[PDB]
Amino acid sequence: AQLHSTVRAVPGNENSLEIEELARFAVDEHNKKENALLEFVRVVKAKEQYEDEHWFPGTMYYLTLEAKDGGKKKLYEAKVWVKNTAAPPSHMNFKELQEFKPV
């Protein structure tokens, strides 16, 4: 809940797999919630904001991803919260698409 005030920009191809999966999740969560048809393409850029506490610190991902909407490639901004208190797959881990907006 309480995050560090700094927001780190993720250099090119750092955490690419974790980030590319969180992007797909974000799209899938958007399509499920708004019954949309967006098709993921790639992550453009990513930022990370880290939780304050010592153990199992959550991360807040600010993702800029490209998705196809009826063939039209468009940019979107995804905000995803991830707090893993145990090694996945476990139901104690939380993953939530908090915001999904176009650009």
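Start at 1 with the first residue shown and count on from there.
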Inset, instruction - Output the stretch having the higher mean C-alpha B factor in the entry; the candidates are 46-54 and 69-77. - result: 69-77
Inset, instruction - Tell me which of 55-63 and 31-39 has the higher mean C-alpha B-factor in the deposited entry. - result: 31-39
Legend entry - Given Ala86, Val82, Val10, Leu22, the residue at which the Cα B factor reaches its maximum: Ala86
Legend entry - Among modelled residues of the same chain, the CA temperature factor third for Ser5: middle
